[PDB]
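Presented below is the structure to which this report refers.
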Amino acid sequence: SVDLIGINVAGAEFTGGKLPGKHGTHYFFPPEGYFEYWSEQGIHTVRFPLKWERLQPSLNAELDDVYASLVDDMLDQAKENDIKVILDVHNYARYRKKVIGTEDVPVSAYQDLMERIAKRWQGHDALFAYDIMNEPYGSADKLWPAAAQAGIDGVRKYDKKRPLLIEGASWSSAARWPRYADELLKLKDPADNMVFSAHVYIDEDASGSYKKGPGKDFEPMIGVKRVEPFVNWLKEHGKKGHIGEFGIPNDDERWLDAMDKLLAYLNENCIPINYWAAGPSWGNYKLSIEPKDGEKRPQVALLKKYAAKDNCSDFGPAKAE
Numbered sequence: 001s002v003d004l005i006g007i008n009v010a011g012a013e014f015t016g017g018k019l020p021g022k023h024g025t026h027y028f029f030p031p032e033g034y035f036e037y038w039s040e041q042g043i044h045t046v047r048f049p050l051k052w053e054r055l056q057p058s059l060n061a062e063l064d065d066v067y068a069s070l071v072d073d074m075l076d077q078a079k080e081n082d083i084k085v086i087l088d089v090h091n092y093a094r095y096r097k098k099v100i101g102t103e104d105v106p107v108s109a110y111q112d113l114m115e116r117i118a119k120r121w122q123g124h125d126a127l128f129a130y131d132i133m134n135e136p137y138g139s140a141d142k143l144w145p146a147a148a149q150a151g152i153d154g155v156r157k158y159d160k161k162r163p164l165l166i167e168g169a170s171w172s173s174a175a176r177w178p179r180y181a182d183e184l185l186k187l188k189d190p191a192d193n194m195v196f197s198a199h200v201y202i203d204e205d206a207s208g209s210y211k212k213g214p215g216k217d218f219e220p221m222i223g224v225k226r227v228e229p230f231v232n233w234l235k236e237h238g239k240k241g242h243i244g245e246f247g248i249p250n251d252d253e254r255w256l257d258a259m260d261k262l263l264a265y266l267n268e269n270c271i272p273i274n275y276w277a278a279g280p281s282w283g284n285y286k287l288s289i290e291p292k293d294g295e296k297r298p299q300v301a302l303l304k305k306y307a308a309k310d311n312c313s314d315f316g317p318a319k320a321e
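In structure tokens, the structure reads:
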């Protein structure tokens, strides 16, 4: 099945400056008992960021035993707690700061990583889908469509069933999506289970930093307006979609109303969402929905109302008929 409501569980990708880094200091995986709270809340789908450099400290080589094993443990816990997991290679179309398709990082290396990820985890019941690359941007944008096909090819060697989530250029911006997306039309999936995944935030620059409050001229439909370009492109081209990130601060009711409006529109169009973000070690992060003493997380009550609604049969939008 495809859940319309889901959350990001971030932490494994933290502190990029430290490689390999130390678990519990630089990066964090969910502790025992972590998924229970979310499952009891009624959330059953999770997007899980991973750092490519930690998974694969050398290109075209076996996955790291310690980091990959932590992933195994996390998947085992998700399964015990009725949680389905989207693995996200959270890398901006780069390995050690070099773009995929450059001489340092050939597309074949990216294909190799995807083959390895699919080979290791295709047998795990808790695995739901592969989000093959988080937020290609900048000098990566031109070379990304070629890289994406290599990633699809990589996964499909070992997993011919599960959905592939394909992000777009320009930080996978939903708002700007039609400006660049046509380059993704040449992508082909032999299994016909390919879904585009866009990101959206409703602060002024759409970065999710929230440098300002809503302001006097705030529009409740701002989230909907920002995803329409994406959803309309999907409709025009007979493609399927997904919102892999959206988040808001807990300090203004107006943000919550905009979120409600966005969720209604996504629900109408059968587009699933992954809220950014929950996680084992967020501290004071403004967008966090993880429980923290003294913090209310109104975003969670809102997600719960939607989670109760019927899922769609498949990733939308529904085909014209």
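According to the entry's author numbering, the sequence shown is numbered sequentially starting from 1. Even for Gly, the Cβ is constructed at its ideal location relative to N, Cα and C.
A301 burial status per 10 Å Cβ neighbour count (16 or more: buried): In the sequence shown, counting from the first residue as 1, residue 301 sits at position 301. Around the beta carbon of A301, a 10 Å sphere encloses fewer than 16 other beta carbons of the protein chains shown; the residue is thus reported as exposed.
**Message:** Among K157, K212 and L143, whose alpha-carbon lies nearest the alpha-carbon of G101?
**Reply:** Taking the first residue of the sequence shown as 1, we reach residue 101 at position 101. Answer by Cα proximity: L143.
Alpha carbon to alpha carbon, how far is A148 from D64? On the sequence shown, residue 148 is found 148 positions in, with the first residue counted as 1. On the sequence shown, residue 64 is found 64 positions in, with the first residue counted as 1. Rounded to the nearest angstrom, the two C-alpha atoms are 23 Å apart.
**Asked** Mind checking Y37: buried by the 16 CB within 10 Å criterion, or exposed?
**Response** Here residue 37 refers to the residue found at position 37 when the sequence shown is read from its first residue. Classification for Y37: exposed.
Roughly how far, in whole angstroms, is the beta-carbon of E53 from the beta-carbon of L19, given that I think they are within contact range, below 8 Å?
Here residue 53 refers to the residue found at position 53 when the sequence shown is read from its first residue. Here residue 19 refers to the residue found at position 19 when the sequence shown is read from its first residue. Correct: roughly 5 Å between the Cβ atoms.
query: Quick check: the region 165 to 185 against the region 104 to 120, are there 3 or more CB pairs under 8 Å?
result: By the Cβ criterion, the region 165 to 185 is not in contact with the region 104 to 120, since fewer than three pairs of Cβ atoms, one from each stretch, lie closer than 8 Å.
Review point. Where DSSP assigns a beta bridge to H242, which residues make up the other side?
Key: Residue 242 sits at position 242 when you count from the first residue of the sequence shown. The partner list for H242 (beta bridge, DSSP) reads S197.
Check your understanding: What's the C-alpha gap between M74 and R47?
Key -> For the purposes of this step, residue 74 is taken as the residue at position 74 of the sequence shown. For the purposes of this step, residue 47 is taken as the residue at position 47 of the sequence shown. Answer to the nearest angstrom: the Cα atoms are 12 Å apart.
ask   = Helix, strand or coil for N8 per DSSP?
value = What you label residue 8 is simply residue 8 of the sequence shown in a count that begins at 1. Residue state, collapsed to three classes: strand.
- Query: Going along the chain, which unbroken runs of the beta strand (DSSP E) with 3 or more residues stay wholly within the region 125 to 149?
  - Reply: DSSP assignment within the region 125 to 149 yields the following whole beta strand (DSSP E) runs of 3 residues or more, N-terminal first: 127 to 131.
Are the Cβ atoms of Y306 and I5 separated by less than 7 Å?
-> What you label residue 306 is simply residue 306 of the sequence shown in a count that begins at 1. What you label residue 5 is simply residue 5 of the sequence shown in a count that begins at 1. The Cβ atoms of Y306 and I5 sit closer than 7 Å to each other.
key: Runs of beta strand (DSSP E) lying entirely within the region 266 to 296, each at least 3 residues, in chain order   = List check, beta strand (DSSP E) in window: 273 to 278.
- prompt: Looking only at its own chain, which residues have a Cβ that is under 6 Å from the Cβ of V9, when we skip the five neighbours before and after it?
  reply: As a working note, residue 9 is residue 9 in the sequence shown. Closer than 6 Å at Cβ, skipping near neighbours: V46, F48, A278 and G279.
Take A12 as the anchor and find which of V2, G24, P163 and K186 has the nearest alpha-carbon.
Position 12 of the sequence shown, counted from the start, is the residue given in the question as residue 12. Selection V2, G24, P163 and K186 evaluated against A12 yields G24 as nearest (Cα-Cα).
Next on the checklist: For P291, count the other beta carbons within 10 Å of its own beta carbon; 16 or more makes it buried, fewer makes it exposed. Which is it?
Outcome noted: Along the sequence shown, read from residue 1 onward, the residue named residue 291 stands at position 291. By the neighbour-count rule (16 or more Cβ atoms within 10 Å), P291 is not buried but exposed.
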